[PDB]
Amino acid sequence: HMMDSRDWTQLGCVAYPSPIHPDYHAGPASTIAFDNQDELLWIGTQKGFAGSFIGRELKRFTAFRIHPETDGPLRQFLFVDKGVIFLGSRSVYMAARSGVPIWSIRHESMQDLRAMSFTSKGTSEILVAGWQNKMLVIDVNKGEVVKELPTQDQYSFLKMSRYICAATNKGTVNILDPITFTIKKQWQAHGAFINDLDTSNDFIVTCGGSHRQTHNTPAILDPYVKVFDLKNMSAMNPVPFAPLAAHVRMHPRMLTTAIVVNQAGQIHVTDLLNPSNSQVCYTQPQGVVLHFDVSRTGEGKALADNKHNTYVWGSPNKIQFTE
Amino acid sequence: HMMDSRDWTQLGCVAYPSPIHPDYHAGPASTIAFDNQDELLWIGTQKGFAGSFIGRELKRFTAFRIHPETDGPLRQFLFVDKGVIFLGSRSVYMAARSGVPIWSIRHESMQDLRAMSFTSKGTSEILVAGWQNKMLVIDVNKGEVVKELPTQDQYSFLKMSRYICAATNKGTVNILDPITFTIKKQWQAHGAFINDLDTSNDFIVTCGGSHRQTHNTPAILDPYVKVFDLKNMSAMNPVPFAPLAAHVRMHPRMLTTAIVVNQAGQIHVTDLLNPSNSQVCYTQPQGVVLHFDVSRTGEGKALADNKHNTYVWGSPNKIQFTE
Amino acid sequence: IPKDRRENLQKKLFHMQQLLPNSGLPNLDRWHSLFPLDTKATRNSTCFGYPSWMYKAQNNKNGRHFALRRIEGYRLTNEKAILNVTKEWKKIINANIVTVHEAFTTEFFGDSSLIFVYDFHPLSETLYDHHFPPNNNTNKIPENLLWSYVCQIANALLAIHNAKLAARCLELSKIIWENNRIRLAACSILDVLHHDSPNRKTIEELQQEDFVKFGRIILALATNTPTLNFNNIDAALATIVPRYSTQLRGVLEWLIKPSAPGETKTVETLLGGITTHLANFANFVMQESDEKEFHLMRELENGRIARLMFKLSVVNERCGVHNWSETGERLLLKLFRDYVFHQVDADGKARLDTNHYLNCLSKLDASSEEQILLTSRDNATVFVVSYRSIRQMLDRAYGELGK
Amino acid sequence: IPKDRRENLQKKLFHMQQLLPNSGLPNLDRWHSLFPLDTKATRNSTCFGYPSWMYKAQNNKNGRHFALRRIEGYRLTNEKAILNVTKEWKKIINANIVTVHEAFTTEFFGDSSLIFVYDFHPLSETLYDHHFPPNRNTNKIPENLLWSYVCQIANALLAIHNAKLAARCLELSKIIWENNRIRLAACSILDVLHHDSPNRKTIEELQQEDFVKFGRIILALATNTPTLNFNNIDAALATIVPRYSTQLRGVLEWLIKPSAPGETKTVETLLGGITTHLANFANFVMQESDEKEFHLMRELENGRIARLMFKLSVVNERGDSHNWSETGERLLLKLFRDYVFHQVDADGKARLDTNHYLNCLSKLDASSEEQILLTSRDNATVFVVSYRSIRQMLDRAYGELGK
Ligand SMILES: Nc1ncnc2c1ncn2[C@@H]1O[C@H](COP(=O)(O)OP(=O)(O)NP(=O)(O)O)[C@@H](O)[C@H]1O
Ligand SMILES: Nc1ncnc2c1ncn2[C@@H]1O[C@H](COP(=O)(O)OP(=O)(O)NP(=O)(O)O)[C@@H](O)[C@H]1O
Ligand SMILES: [Mg+2]
Ligand SMILES: [Mg+2]
């Protein structure tokens, strides 16, 4: 079903990094995320600059580098009351949304971090991992590594829901016990890589493909989203998506609904319990879409493309990012 | 007659520019001059550094660059109550002996200045000239060019006594009226160049040779000092000086006596009115002597060589450069 | 300047910029950063007949702080009422009267309110809250201090009565107190509220009532009864005749008792009685005022040292230079800055020395002829310069930047 | 703090430690560093009947400065004479009476001299040297300033008469002046000199004479005739009724003319007339005293502003690096520094604003919860931070340098 234009329009847009930004030459955004307070959208650069933007029109708010620029891309955001957590390949940094530093951790075992999540301790503790055979547990309140654990699998994503869902760089998903971090179940989602992962207390959803890029073969995304039932611990039927599924987010208010996006900026909104009813709409990205997120209320949708643009789409009728 | 060592000895020595000086690569001192106050000896470098040194032991005082180093050598010092005046090829600079800037003049007609002198106005005015066809008159109090004069003769030296004595780069001397700056008399001192000039109210003395250096012919100094009677405006008999006369200074207390120096550091003290009576003494330069001056009291003698050394000679018994 | 006197002035500046971020309070048309000044969460208005709220607030235009008096739930019946009275009272400037500026109405608070705006007098406690604090006791208020109060109010009443006005509100809680300096802080409030009230009195008989309320305020403090009543006055009056002077007893009696029908009453005639005390009050003030003048000398040095710190921080870090003198000057200053704040020991650890920072700036303050050693990094450039010279280079450098 | 008073208070300090090395003056038992205070080199003493010299000198015990009044050539016939009067006058401390301490005899000057020691009031000019300085002027002294003088002398006389003493010396030349503050600077001098002079009068008759000299001192200044004479008083009196008030003319008339044989005279009855003016004087003093109070804050705050200026200047030009938190803080400070001192408009002209430099530093001094915008050179970095946060970041950075 097509989307009524009264429900779907471009509300704001920003270039970050722009041509006058010191990191412009290194490429487009590395990640984006809606804050869970203060109406903020966060964008990272390929050299570790973080920019935040307020509301649907994306008026610039704050910006600061969260690690040395030789460390490369800003890999992921997480949000707590006290501030924003920033992960880079070589270190982990925490600062207030003002930009005021809170603590800084640069541990020897942090060689190529890619992902982080919360654990069994609410927002008091995080787990961090990446393309390396070590994991680190960090007390977010104290700002120190408190535990080191071995891991055989290397990870591209981490997110805590009912369990810690951990996407490997081989296309499988490990479901981890949030207290002990031991593996409960392994799921074969895609052949060689996972391009995106989201999760609710009842579901995991992933995007990926059968082979990583070589000079012989481009990485091709699979024509479906793979779905796993977290409630009953078994794989489910995939959600068909012929335009090739690049990104996916669970809808925060419609608890059984998923939001699926392709690289040309075409978006389908599809209920997991019944795929028959999905809304189709189109956006007009200048370039190829690289990243996607949804706000806590579900009302704001953000997309960054490879031409350095970030767009916010949604209803023209007074949307709010948080309560 | 030789000099008794109780009246003549080496009292101090300094290297300037020394090996750790930024101008060392550019060569030996460009000029030296005794200040007329505060017991200072001033030394210039090939890139326009001025260094000052206190007393017979040449204890370091101040040091600073007086024009852009691309302007080349420090050409000359002059001394007044308020501070020191410095001439370079592209500019004229004045600063307190502290190093505090007083004024800076970089006039377009200052293309290759080589020489400057005072005029009829005490220390309030200087005349400046060089290897170029303009001269400039400068108010020393205001720090501005107040007059520009065209000139056909190009100058390597200027000094005020009874008149402004002006040595051309061809070996001739123009005697200039200090009020109108017009030429009163021309004296043929040497064949092609003048290496040094001094004057009292009654005499001119010069050193030089018949040809400037070519790959065919080294510049050879003449075996005499040419002498001109400023009082009666006629040439005098030259003073014979077989070691070849490189430098000359009028003795400030023995008014008819000249101090003459050769490149091996040999010095003669000779009465102009009768050359028959002269005292002979020797110095010990490491290299070839390039510059020479005498203090206002006559008690201190300074010599700079091509090995970057400057030496002070005089009586070991409490000599004073000025009152 | 002793310890406590340094604290009084310290707290006074602290009190001005004191803010409450958690304030459930608004921003009005012309103001912002409101601040609750009220000690008692429970509210009764001593003389207004409404509830009253007190705020410190910054003006938007000029950024200076003012004291706001909020009358809760007022209707503003007449526009004639406000401007007929803010104009007249704005004219009265007294050392014992909190100057009133304008009066406007705002509804932002969540109700219709009338706002009076006053001078802000930091570290003010009321006359009530000071001599009768909510903690307690015993102890007598010294007679001399009672006399100080008689004079300051008489001075305050003298201005108001001469302007053909009346105090209207004159009570222990409606008089602020600061280092024994009492001021009428509720002026012009009752002029608006009773502007077109039913039982308006003569301005001349209101002036007569001002003497009686006055009599109550002193006698209260005399008999140590924060709440006193005309019900027992004659009995109250007798209890002070051994505790205080016979002179004082008559003065209260004069102020309180209604005058003989021929006489009337005036501030002038009060002063006739208290002549000797007036001279003594003035004498104290002067001596205390002289005391400050001494202190204002020792601390004036601070004003220039800071003024120099500004110029230094401004010229530096500011860009190619036109003529060569500039490269000489711009160098000496940067090297001087290193001699003072960036002193380093052997092996380069930061030699922190707050004495040194002062010493140099004092020497710079007086243009001392002492010479210090200035040296470049490569040791190529070497200066020997006095503070006096540097000061001149600084004044010019800062001077040239604004041109 | 304005411009003129800042120099006024500065000159007061330069005057205190001012010395004359070629003075050729002695050092007594208890004093040293004497300094000639006399402007008029040729000396005839208005009331002493001897010659008088004025010296500033430092005490030996406590090192503070005092004013010495030297009576050249007096014979200490009675030791009873001196100590009889220094005891009484030392007890009198008034705001308009230069406090007298001791009185001794010294021979060091090269002759026998009697020495009185007083408070030193720097930058005091005599009342004479002020309103008629030597070297035209037809300006009349404004009546208000005349009334201030009546009150201040009345205040001084009130004190002196109560100790059962008399001024004895009460003259235009023997009254110092400082920013309109007049004091009797020659008191107790004639008590010793006329201790055993012929025809001694009653202190009761001297006190009455104090009123006549007083009336004359003002009348002189009214008619602008520094030297007045009892020969033409009545003619002078008629000349003031158009230039001044009818009230003032009566006060002078009362003060000068002898009273009816029954009445006598007292300061009290003088104060009774001038009731309104005493209050106005009192009001001014207070207001001046408050004006001083403000300045004693902003200039004490400047001292605090400066200590912060120091800590900032230390960290912002020192670069040495551990962890990334440090790198965040060290940047914020440089950006804060630029926000204040390096303010530039579009096109980069220096926005000099000393009010702006102050505002920010006070906000930093009190840890203001106000938040400001910090921006980098490339506009890459952007902070939104409160003064409270920045201050804490500064104190921490400076703190770690010392470890
Ligand atoms: N003009 C002013 N400037 C600064 N502070 C003031 C001013 N007026 C009053 N204050 C102080 O702020 C507090 C509130 O004023 P006020 O309303 O008089 O106190 P209160 O005891 O609540 N009176 P009431 O409510 O009538 O019982 C008092 O304690 C005063 O010390
Ligand atoms: N107690 C004091 N403390 C400080 N300075 C004072 C004091 N008394 C006077 N002075 C100053 O010193 C001078 C007073 O000396 P004085 O000798 O009274 O003046 P004079 O004109 O010489 N009178 P005379 O010598 O009788 O003609 C005045 O210029 C005052 O400003
Ligand atoms: Mg209240
Ligand atoms: Mg005198």
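Criteria and thresholds
- Residues numbered from 1 in each chain as written, not as in the entry; some residues may be left out.
- Chains lettered and ligands numbered in written order.
- Heavy atoms only, no water.
- Residues with missing side-chain atoms left out of burial classes, pairs and counts.
- UniProt positions renumbered as here; feature names shortened; annotations may be inferred.
- Axes fitted to C-alpha atoms, helices over the stretch in contact; angles between N-to-C directions.
- Helix = DSSP H or I, 4+ residues; strand = E, 2+ residues; numbered from the N terminus.
- Parallel < 35°, antiparallel > 145°, perpendicular 65-115°, else oblique.
- Contact = heavy atoms within 4.5 Å.
- Nonpolar A, V, L, I, M, F, W, Y, C, P; charged D, E, K, R; others polar.
- Expected span 1.5 Å × (residues − 1).
- Buried < 20%, exposed > 50% of the residue type's maximum accessible area, 1.4 Å probe, protein only.
- Arc of directions from axis to C-beta.
- Buried area = accessible area lost by both parts, 1.4 Å probe.
- Polar contact = N/O pair within 3.5 Å; in protein donor to acceptor, adjacent residues only side chain to side chain.

- Per the PDB entry, chain C goes by the name PAB-DEPENDENT POLY(A)-SPECIFIC RIBONUCLEASE SUBUNIT PAN3 and belongs to Neurospora crassa.
- Per the header of the deposited record, the title is "Complex of Neurospora crassa PAN2 (WD40-CS1) with PAN3 (pseudokinase and C-term)".
- Per UniProt, chain C carries the Subcellular location text "Cytoplasm".
- Under the UniProt heading Sequence similarities, the entry covering chain C gives this text: "Belongs to the protein kinase superfamily. PAN3 family."

- For chain A, the PDB entry supplies the name PAB-DEPENDENT POLY(A)-SPECIFIC RIBONUCLEASE SUBUNIT PAN2 and the organism Neurospora crassa.

1. As for the packing of helix 13 (residues 354-365) of chain C against helix 11 (residues 275-315) of chain D
Then step 1. Between helix 13 of chain C and helix 11 of chain D, whose axes approach to 11 Å, the crossing angle comes to 110°. Taken as axis vectors, helix 13 of chain C and helix 11 of chain D run roughly perpendicular relative to one another. On helix 11 of chain D, the residues that touch C:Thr354, C:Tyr357, C:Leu358 and C:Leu361 of helix 13 of chain C are D:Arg307, D:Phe310 and D:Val314.
Then step 2. Here the residues of the contact of helix 13 of chain C with helix 11 of chain D sort into 5 nonpolar, 1 polar and 1 charged.

2. Considerations on helix 14 (residues 387-401) of chain D
Residue and element names in this part refer to chain D.
Then step 1. Over its 15 residues, helix 14 runs 22 Å from end to end, which matches the ideal 21 Å to within 8%, given 1.5 Å per residue.
Then step 2. Residues of helix 14 that are buried: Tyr387, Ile390, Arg391, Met393, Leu394 and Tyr398. All buried residues of helix 14 fall inside an arc of 160° around its axis, so they share one side.

3. Brief notes about the UniProt feature "repeat: WD" in chain A
All names here are of chain A.
Then step 1. Following the UniProt record, one finds the feature "repeat: WD" at residues 24-63, 69-107, 108-146 and 147-186.
Then step 2. Taken as a whole, residues 108-146 contains 0% helix and 54% strand, while its terminal C-alpha atoms sit 14 Å from one another.
Then step 3. As annotated, residues 147-186 has a helix share of 0% and a strand share of 60%, and its two end C-alpha atoms lie 24 Å apart.

4. Description of the arrangement of the chains
Then step 1. Here the protein chains form 3 pairs of chains in contact, of which the pair with the most contacts is chains C and D.
Then step 2. No part of chain A reaches chain C; the closest C-alpha pair between them is 17 Å apart.

5. Examining the UniProt feature "coiled-coil region" in chain C
Then step 1. UniProt records the feature "coiled-coil region" at residues 276-314 of chain C, using the numbering of this structure.
Then step 2. Between the end C-alpha atoms of residues 276-314 of chain C there is a gap of 57 Å, over a span that is 95% helix and 0% strand.

6. What to know about the interface of chain A and chain D
Then step 1. The interface of chain A with chain D comprises 19 residues on the first partner and 13 residues on the second.
Then step 2. The largest contributions to the chain A side of the interface with chain D come from A:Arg60, A:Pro101 and A:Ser104, which together make up 31% of the buried area.
Then step 3. The interface formed by chain A and chain D includes 3 residue pairs in polar contact.
Then step 4. Counting residues per element, the ones that place at least two in the side of chain A that touches chain D are strand 5 (59-65) and strand 9 (101-105) of chain A.
Then step 5. Here the element with the most residues in the side of chain A that touches chain D is strand 5 of chain A; it accounts for 6 residues.
Then step 6. Of the residues that constitute the side of chain A that touches chain D, the class distribution is 12 nonpolar, 5 polar and 2 charged.

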